[PDB]
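Just one chain follows, in the form deposited in one PDB entry, and it is written as structure tokens.
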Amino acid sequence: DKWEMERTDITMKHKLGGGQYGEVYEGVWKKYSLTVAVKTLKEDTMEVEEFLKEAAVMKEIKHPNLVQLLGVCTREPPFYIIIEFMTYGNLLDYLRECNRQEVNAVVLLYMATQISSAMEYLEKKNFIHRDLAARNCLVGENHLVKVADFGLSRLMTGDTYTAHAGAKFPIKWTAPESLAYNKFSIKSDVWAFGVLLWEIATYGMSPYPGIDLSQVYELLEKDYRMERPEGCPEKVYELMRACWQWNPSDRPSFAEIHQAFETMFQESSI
């Protein structure tokens, strides 16, 4: 299989942290002199399946704004997934820590255009991500941003995907249909994308500030939504709101979303 490679090609450099099933390393693909990220699996989990699912999905997608699979080591432990190295780490900490004169209003629009471009691509190929959030996007030089963490991504056969009994999702990014019935779709990615914009507009605040996790769903039912963040352009808030429409099919498509950010990003560039 074309993605498989020899464990011995890679040397570990440093632990990176941030892992779910195992440590995530900064390593070096020696023959190419290339720094890479290496996601490893703790031999002692039965989460082998999910770990391998992430890898399977990354073989099937490719886009400038989706973190890129480089190869795998999966003929025996410890399992490795090898991925392009993004030097600045997660988008959430990147927003909290940045210099806002640099990461300014035009950069915010640039970040959203990047993500929506990726998500438009996924939409087109009938994929869903299911974990879109600042914490799962990755940052490179000059505010390059890529969607990452594809463990939960799926190719749908229809327009809907239903998670299995017992699955739990992060309350404040998850569409109501998904919280209530475990139904996911391109449109539930659109909801999370909306929450992701709010994260960008606030430079990484936690959403629904001070609101008890237990009461968020019920609030959504009664049409409570987050208010416009300070400094957030009116058109951007309209889109955020469109993303949070109760009915999935009232939410804009990512092509429409990308189109609107593309426009706004260009006008701001004069």
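All residue numbers refer to positions in the sequence shown, first residue = 1.
In this entry, the higher average B-factor at the C-alpha atoms falls on 140 to 148, of the pair 194 to 202 and 140 to 148. The stretch with the higher mean CA B factor, choosing between 45 to 53 and 59 to 67, is 45 to 53. You'll see in the entry that, of 115, 122, 156, 103, the Cα B factor peaks at 156. The maximum CA B-factor among the listed residues 170, 89, 77, 176, taken from the PDB record, is found at 77. Residue 251: CA B factor lies in the lowest third for its chain, per the PDB record. Annotation for residue 242: CA B-factor lies in the lowest third of the chain's modelled residues. Ranked against the other modelled residues of its chain, the C-alpha B-factor of residue 130 as given in the entry falls in the lowest third. The deposited CA B-factor of residue 37 belongs to the lowest third of values across its chain. When all modelled residues of the chain are sorted by CA temperature factor, residue 28 is found within the middle third.
From this point on, the text means the form solved in complex with a small molecule, which you will not see here.
For the chain shown alone, residue 8 is not a contact residue for the small molecule in the bound PDB entry, no non-hydrogen atom being within 4.5 angstroms. In the bound PDB entry, at least one heavy atom of residue 203 sits within 4.5 Å of the small molecule. A residue is said to contact a partner when one of its heavy atoms sits within 4.5 Å of a partner heavy atom; residue 232 meets this definition for the small molecule in the bound PDB entry.
The closest non-hydrogen atom of residue 145 lies beyond 4.5 Å of the small molecule in the bound PDB entry.
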